[PDB]
Structures are given as structure tokens and as C-alpha cells.
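A.B. asks: Quick one: the structure is below, and I'll ask about it shortly.
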4 protein chains.
Amino acid sequence: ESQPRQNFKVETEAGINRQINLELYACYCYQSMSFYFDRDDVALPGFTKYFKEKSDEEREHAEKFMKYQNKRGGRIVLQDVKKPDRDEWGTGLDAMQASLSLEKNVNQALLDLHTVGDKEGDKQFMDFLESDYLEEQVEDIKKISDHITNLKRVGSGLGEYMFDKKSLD
Amino acid sequence: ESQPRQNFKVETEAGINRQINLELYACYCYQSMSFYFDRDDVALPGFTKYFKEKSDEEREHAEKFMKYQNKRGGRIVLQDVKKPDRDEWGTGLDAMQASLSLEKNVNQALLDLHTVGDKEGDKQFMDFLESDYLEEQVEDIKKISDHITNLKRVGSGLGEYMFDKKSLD
Amino acid sequence: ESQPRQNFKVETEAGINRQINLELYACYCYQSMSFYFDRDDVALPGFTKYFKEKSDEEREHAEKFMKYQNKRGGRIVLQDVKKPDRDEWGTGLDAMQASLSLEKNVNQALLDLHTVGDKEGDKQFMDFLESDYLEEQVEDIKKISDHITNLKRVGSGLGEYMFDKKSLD
Amino acid sequence: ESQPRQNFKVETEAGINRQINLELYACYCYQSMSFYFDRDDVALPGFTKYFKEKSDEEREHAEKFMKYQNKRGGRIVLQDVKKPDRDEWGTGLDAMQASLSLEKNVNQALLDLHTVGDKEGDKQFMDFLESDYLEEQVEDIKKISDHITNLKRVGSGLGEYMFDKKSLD
Ligand SMILES: [Fe+3]
Ligand SMILES: [Fe+3]
Ligand SMILES: [Fe+3]
Ligand SMILES: [Fe+3]
Ligand SMILES: [Fe+3]
Ligand SMILES: [Fe+3]
């Protein structure tokens, strides 16, 4: 057993390694999204910047889980990060809805990972998940929902152009 | 032979003199475009400013080639700069598309001028073209393409007015 | 053909997409390396920081290629990024030698990608590769070689500990 | 019942009083360790400073539990704080390993105290323990493990001397 390991179960360790891969996958999706909106036939610089920032956030999420794995005495096992499931992301509305669905899937995986910690009695891990992940997911999912509502409100064309300027920095 | 001349062929020298005239011609077109959008029945001050800045850029391009001609020991031979091929430039979309076509023609002339340098073994001239012209053309052509996409996105009327305010300074 | 596309061949476009995946793969390897040295039974914070910075550099390399693909009018096609070929990276000397081998493989892929640009006459792309990638690879490969020499000089134990403090920030 | 008492069980109150004594005991051990390394025949000033700071931390831990006991309406009952179980702490490696074992014992007592809060439904007390104690224990246990690894890496003699200078302030 590694020196720090205490109240840290193998199932919790394995759950963290699957979550690392999922956060890396989300980071990859957002990176794809960002450079899609940098296409010359898409050309929405607010969307480009917004998904780039979201991509860096997911990379931070993954690395924080890596750091935590080490803190508790687990061992990081990396896997292929799959390519995103689309090459092209439609309109700003489509991308924002794909992003909502993505964040809700990450949130469910996090809640399932909380359930592993809870049944194993990992008090510290539950609070770590709560403080550093669950609250952020809830804020993010609310923010993206608002954006979807406004992208429906403004419509295509000028509306989408104006949303890019006024709702995304 | 002039004092500095070394590894500098007469065909390269002549190519630079044709390119000088082309850059001057581009400068003239952009100047025409700029004051077209300053017409009282057009009246788009973002477009006016944007094409004025682009005109000064092309003037700089020409003068840099003049300076280089002298650096290598060639002799500048100037020609008439023809009047632009339109007096009137349509909508903001039309002007932006005329500008894309213009920049692509300058880029092709630059690539052909690179080919002259390459076959003559003008190592320094190729790098000069690469560093000081080819990269800028690629950035510019990408920027103008983005603008064309957004001018189609926003449509005529209010859209064109909003693009003038939000995409051009 | 996309609006900006000019002197940009399909083989060059495909080469950039393979290089994107390779830079992402290098970023993943360095990220693995970094958190390996953050293990409690490895615990070298200079190595951790050094490979984290190297990981961010490779991510920048990938994104710059993504941006360039868009600049020229190509289309980004992403693939799975494979997991690194080791879970554990040995001593500081082993990791530094794995890193040298990695950078030399990236450098060879870049030189092969230069060869594609050259035979297709992509003057701008060659200079882009030269200025923004080839020079950095040469500096990096020299830096890592120096580190390997010093890690052999200092030996294991105290030597490796001292190198972590004095050669890596 | 005291004025503030609400959802605060007698078993939870008693658990806090045992934890107070344990934190005081840890503070005493670290104080012993610190002045051991201030011995003229030991003379490691980094270790001296490090364990002094750790001693003050444990004193803060105890006093925070005292303050909390009062916040909830419990009553502090103090006991003898036993003398540490060694007068002499060996090498820097020995002391660091004794410290790891100490922190893991405090962590287990904290987790057992969390279990008392959980079964009694003391929602606020669990979060207090999580936020103010469990996270710190996990960081500390990871830090001490790293130090043990490096103290094995550097070896005795010059290694131990260098660790005192470079890993402890
Ligand atoms: Fe997110
Ligand atoms: Fe909590
Ligand atoms: Fe231009
Ligand atoms: Fe060059
Ligand atoms: Fe590198
Ligand atoms: Fe402690």
C-alpha cells in the first residue's frame, strides 16, 4: 500500500481514473467546438473564445483529479481519449445544446462517482467532489441553459451575430 | 553593376518592379472603396475607416518593395497605376468580396514572384517575401473571408449597419 | 473550395491533421510524465513542473496547427489521441531520455511535413513550419540532451535530488 | 440544556473532547521533535523550524475544536496530555516517518469522529470536520510521504544535510 493510503478504496481509485478520461474527453470536445467556430465559413469569434476557455476549464478538471489521485495514494492509469462524436457543430444554438448535453453527462458521472465515495465511507472524497466539482457543474449547466434560451430568442442571422458580441464577452 | 549587387538577377529585379505597380494598384482600389463608403448615400464609417487603413497598408507594401529594390542594387522603374475597375462598390458584402478577390490576386502574383526567386537561387529574396508578405497575405485573406461570412449572416439593412459598428472597430 | 483556399493542397491539409494528433499525443505523454513525478513514491517537484510546462507547450503546438488549418481554408479532422506507451517513467534520467526520443520523433514528423509542403510548392507553409516549429524543436532537443548529460553526471540519489532543485527552476 | 444546543448529541460532544486531547498530544510530539533537532549533536535547523510550525498547527487544531465545542453548546473537559512516546527521534528520516504515522492516527480518529456525527445526523458538524480538518490531513499526509521519499533518495550524511536546506524552507 502506498504511504498515504488511508480510507481509500480500490473502487474509488478506479472511479477517479474513469472520470479523468471523461474530463479529458470534454476538454477535447470543447477544443473541437472552438476551432469549428474559427472556420472561415462559420467565423464567430465569441463562440471561439468561449469554447476555448471551456476547454481549458475541463483540462484543469482532469488535472485536479490527477493531483487528487496522487494525494490519496492511488495510481493514475490513462486511456485513449476518444475523438469527439461530431466534426461539425451546426449553429451556435446547436453547439450550445451539444454542450448542455455534454455537461449533464459529466455531472451524472460525477454524481455516480460521489455514490461510490459515499458507500465506501470516503468522507474526504465526497467533500472534495462537492466543493470542487458539483457546485461548478450546477453553475455551468444553468449558464448554458440561459444561453440556449437567448439563442432561441434572437434567432438565426443577425440574432446569432449579436449574441456572439453581447452575451459572450 | 551597382555596388551592392550580388546574387540578384535581372528577372528578379523586373519582377519586383511589376509587383510595385500591383501594390500601388491595390492601394488605389482600397482608397476608392474607402471614399465610396463615405458617400452620403452609402455612409458606412466603419467601412470607410477599414478600407483607408487597408489602403495605407498597400502603400507600405509598395514602398517596402521599392526600398528592397534599392537594397539589392536594382533600379526602380515606375509605371502608370491604372484606375480601379469600378467606380462604385455595391453593398458592404460586394466590397468585401471584391477585396477578397483583390487580395488573392496579389497573393498569386507574390507566389509567382517567389517562384522567380527560387529558380534563380535568391535565398535572401525568398525569405524576404515569406517573412514580410506571404504571412500577411494569408492572415488578410482569412480575415476578409470571416467578414464575408458575417456579412452574409447579418443580411442587408440593420445587419449591415450592425456589422459596420461591431466587426470594424 | 473554401473562400481563402489558395496554393493549399489536399495532401498538405491531411499532413497538418496528422501532425495535430501527434502534438496532442506529445502533450498527453508530458502530462503523464508530470503527474508521475508527483507520485508520493517519486516526489520530484522540479520534474513535475518541468513536464507540466512541456505539456502546455505541446497543447499550444497542436492549437497553432488547428488555427493554421483554418487560416489556409483546410478542415480540421480530429482522431483519438492514444494513451502514452508507459504508465511509469523510471528515474529522472529515464524520463528525460524518453522525452528526447519523443521530441526527435515529433521533429522527424515535422521535417516530413515540410517535405510535403516543399514538393507542393507551399512557400508560406514551409516558412510557417520553419519559423514556428523547426527552430523550437532544435532548441528543445539541445536542452533535453544537456539535461540527460547532467543527469548522468550527478548519478542517482542525492544527484537526482540536486538536479531537480538546480537545473529545473 | 445550554442556550445554543440544537441537534448536538452527548456522544458528539464527548468525541470532540477526546479529539481535543489528541490534537494537544500531536502538538506536544511535534514540539519534542523540534527541539530534538535543535540539539547540538543533531543540529538540523530546517527540521527544527518545520516541526515547530507543525506544532503550532496542531495547537490551532485543538483550539478550533475548543471553540467549536463552545459554539454548539457543549462543555470542554480537558485531560492530561501524555508525554510523547520517545525522547529522541533518530534521523530526519525516522522523525519524518514517526510524523507520518502520527498524522495517520489523527486522521483515523477524525474519520471515526465523522462517523459519530453522521450516525447522529449532525449535518453541520460533518461539514465542519470535512472543510476544516479532513482536507488538511490529506494534504499533510501527502506532503510528509513526499518528504520520506526524498529523505530515502538523498541518503544519510550530506543528503540529509542538503534536504534540510532545500526541502524545508
Ligand atoms: Fe464545464
Ligand atoms: Fe460537505
Ligand atoms: Fe492586403
Ligand atoms: Fe524561410
Ligand atoms: Fe517539445
Ligand atoms: Fe498535521
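Chain labels A, B, ... are given in the sequence in which chains occur in the C-alpha cells; within each chain residues are numbered consecutively from 1, and ligands are likewise numbered from 1 in the order shown.
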So that I can check the surroundings of residue 37 (chain A), please list as a VMD selection string every protein, DNA and RNA residue that reaches within 12 Å of it, counting only C-alpha atoms and ignoring chain neighbours fewer than 4 positions away.

C.D. replies: (chain A and resid 30 to 33 41 to 52 87 to 92 94 to 96 164) or (chain B and resid 146 149 to 150) or (chain C and resid 66 to 67 70 75 to 76)

A.B. asks: When the cut-off is 8 Å and we count only C-alpha atoms, which residues of chain B are near chain C, given as a list in words?

C.D. replies: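 Applying the cut-off to the listed atoms yields residues 104, 111, 114, 127, 130, 131, 134, 135, 138, 139, 141, 142 and 145 of chain B.
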
A.B. asks: For residue 18 (chain B), find every residue with an atom within 9 Å (counting only C-alpha atoms), except residues of its own chain fewer than 6 positions away, and show them as a list in words.

C.D. replies: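 Neighbouring residues, sequence-local ones excluded: residues 77, 78 and 79 of chain B.
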
A.B. asks: To check your reading of the model: which residues sit at most 7 Å from ligand 3 when counting only C-alpha atoms and all ligand atoms? Write the answer as a list in words.

C.D. replies: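 Counting only C-alpha atoms and all ligand atoms, the residues within 7 Å of ligand 3 come out as residues 54, 57, 58, 103, 137 and 140 of chain B.
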
A.B. asks: When DSSP is applied to the backbone of this structure, which of region 30-72 of chain D are assigned alpha helix (DSSP H)? Write them out as a PyMOL selection string.

C.D. replies: chain D and resi 30-37+45-72

A.B. asks: Please, could you write that set of residues out with N, CA and C atoms as an mmCIF file, in the first residue's frame?

C.D. replies:
```cif
data_model
loop_
_atom_site.group_PDB
_atom_site.id
_atom_site.type_symbol
_atom_site.label_atom_id
_atom_site.label_comp_id
_atom_site.auth_asym_id
_atom_site.auth_seq_id
_atom_site.Cartn_x
_atom_site.Cartn_y
_atom_site.Cartn_z
ATOM 1 N N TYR D 30 5.261 17.111 18.209
ATOM 2 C CA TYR D 30 5.989 17.961 17.272
ATOM 3 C C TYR D 30 6.913 18.924 18.005
ATOM 4 N N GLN D 31 6.468 19.436 19.145
ATOM 5 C CA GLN D 31 7.329 20.290 19.947
ATOM 6 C C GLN D 31 8.558 19.521 20.423
ATOM 7 N N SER D 32 8.367 18.280 20.868
ATOM 8 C CA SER D 32 9.507 17.444 21.225
ATOM 9 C C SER D 32 10.433 17.258 20.031
ATOM 10 N N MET D 33 9.864 16.896 18.888
ATOM 11 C CA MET D 33 10.659 16.687 17.690
ATOM 12 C C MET D 33 11.489 17.927 17.362
ATOM 13 N N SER D 34 10.860 19.102 17.424
ATOM 14 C CA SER D 34 11.526 20.333 17.015
ATOM 15 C C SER D 34 12.772 20.590 17.845
ATOM 16 N N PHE D 35 12.652 20.495 19.164
ATOM 17 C CA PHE D 35 13.812 20.783 19.995
ATOM 18 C C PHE D 35 14.795 19.630 20.043
ATOM 19 N N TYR D 36 14.388 18.442 19.603
ATOM 20 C CA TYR D 36 15.362 17.385 19.379
ATOM 21 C C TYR D 36 16.323 17.782 18.264
ATOM 22 N N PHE D 37 15.791 18.304 17.160
ATOM 23 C CA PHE D 37 16.667 18.683 16.058
ATOM 24 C C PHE D 37 17.435 19.967 16.338
ATOM 25 N N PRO D 45 18.598 22.836 11.476
ATOM 26 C CA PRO D 45 17.674 23.957 11.735
ATOM 27 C C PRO D 45 16.435 23.954 10.847
ATOM 28 N N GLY D 46 16.486 23.330 9.670
ATOM 29 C CA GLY D 46 15.279 23.202 8.871
ATOM 30 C C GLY D 46 14.255 22.305 9.542
ATOM 31 N N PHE D 47 14.702 21.141 10.020
ATOM 32 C CA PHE D 47 13.825 20.260 10.777
ATOM 33 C C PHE D 47 13.274 20.961 12.015
ATOM 34 N N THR D 48 14.129 21.666 12.763
ATOM 35 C CA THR D 48 13.660 22.396 13.939
ATOM 36 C C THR D 48 12.503 23.322 13.588
ATOM 37 N N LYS D 49 12.691 24.149 12.565
ATOM 38 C CA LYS D 49 11.655 25.093 12.162
ATOM 39 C C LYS D 49 10.407 24.374 11.673
ATOM 40 N N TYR D 50 10.591 23.315 10.887
ATOM 41 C CA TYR D 50 9.463 22.594 10.306
ATOM 42 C C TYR D 50 8.570 21.994 11.384
ATOM 43 N N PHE D 51 9.161 21.320 12.374
ATOM 44 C CA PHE D 51 8.323 20.724 13.410
ATOM 45 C C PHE D 51 7.759 21.779 14.362
ATOM 46 N N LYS D 52 8.439 22.912 14.539
ATOM 47 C CA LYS D 52 7.845 23.985 15.335
ATOM 48 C C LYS D 52 6.569 24.496 14.680
ATOM 49 N N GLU D 53 6.631 24.789 13.384
ATOM 50 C CA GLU D 53 5.440 25.188 12.646
ATOM 51 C C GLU D 53 4.354 24.117 12.721
ATOM 52 N N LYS D 54 4.728 22.836 12.597
ATOM 53 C CA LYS D 54 3.726 21.774 12.708
ATOM 54 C C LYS D 54 3.120 21.735 14.108
ATOM 55 N N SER D 55 3.923 22.029 15.132
ATOM 56 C CA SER D 55 3.400 22.043 16.493
ATOM 57 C C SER D 55 2.356 23.141 16.656
ATOM 58 N N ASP D 56 2.654 24.341 16.151
ATOM 59 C CA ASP D 56 1.690 25.431 16.249
ATOM 60 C C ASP D 56 0.412 25.093 15.492
ATOM 61 N N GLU D 57 0.530 24.417 14.348
ATOM 62 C CA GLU D 57 -0.660 23.978 13.616
ATOM 63 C C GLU D 57 -1.549 23.080 14.480
ATOM 64 N N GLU D 58 -0.958 22.090 15.159
ATOM 65 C CA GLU D 58 -1.767 21.200 15.993
ATOM 66 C C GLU D 58 -2.391 21.950 17.172
ATOM 67 N N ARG D 59 -1.670 22.903 17.750
ATOM 68 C CA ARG D 59 -2.283 23.734 18.779
ATOM 69 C C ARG D 59 -3.497 24.469 18.223
ATOM 70 N N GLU D 60 -3.379 25.021 17.014
ATOM 71 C CA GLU D 60 -4.531 25.651 16.383
ATOM 72 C C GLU D 60 -5.668 24.652 16.199
ATOM 73 N N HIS D 61 -5.339 23.418 15.787
ATOM 74 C CA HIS D 61 -6.365 22.391 15.615
ATOM 75 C C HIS D 61 -7.136 22.169 16.911
ATOM 76 N N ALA D 62 -6.416 22.036 18.021
ATOM 77 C CA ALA D 62 -7.068 21.821 19.305
ATOM 78 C C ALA D 62 -7.966 22.996 19.656
ATOM 79 N N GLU D 63 -7.450 24.215 19.517
ATOM 80 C CA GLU D 63 -8.215 25.380 19.946
ATOM 81 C C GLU D 63 -9.447 25.588 19.085
ATOM 82 N N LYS D 64 -9.354 25.270 17.798
ATOM 83 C CA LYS D 64 -10.525 25.332 16.939
ATOM 84 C C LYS D 64 -11.614 24.372 17.418
ATOM 85 N N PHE D 65 -11.236 23.152 17.823
ATOM 86 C CA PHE D 65 -12.205 22.219 18.404
ATOM 87 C C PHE D 65 -12.776 22.750 19.718
ATOM 88 N N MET D 66 -11.939 23.371 20.541
ATOM 89 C CA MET D 66 -12.443 24.017 21.750
ATOM 90 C C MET D 66 -13.476 25.077 21.396
ATOM 91 N N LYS D 67 -13.145 25.923 20.422
ATOM 92 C CA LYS D 67 -14.064 26.975 20.024
ATOM 93 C C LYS D 67 -15.361 26.379 19.510
ATOM 94 N N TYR D 68 -15.261 25.308 18.724
ATOM 95 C CA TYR D 68 -16.461 24.694 18.161
ATOM 96 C C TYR D 68 -17.337 24.095 19.259
ATOM 97 N N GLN D 69 -16.726 23.372 20.193
ATOM 98 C CA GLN D 69 -17.457 22.837 21.333
ATOM 99 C C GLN D 69 -18.324 23.918 21.955
ATOM 100 N N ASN D 70 -17.734 25.087 22.187
ATOM 101 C CA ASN D 70 -18.486 26.195 22.760
ATOM 102 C C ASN D 70 -19.561 26.694 21.802
ATOM 103 N N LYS D 71 -19.249 26.767 20.511
ATOM 104 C CA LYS D 71 -20.239 27.241 19.553
ATOM 105 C C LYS D 71 -21.506 26.403 19.611
ATOM 106 N N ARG D 72 -21.365 25.081 19.692
ATOM 107 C CA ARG D 72 -22.527 24.200 19.681
ATOM 108 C C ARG D 72 -23.221 24.093 21.037
#
```

A.B. asks: CA of residue 160 (chain A) and CA of residue 97 (chain A) are how many Å apart?

C.D. replies: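 That distance, rounded to one decimal, is 14.2 Å.
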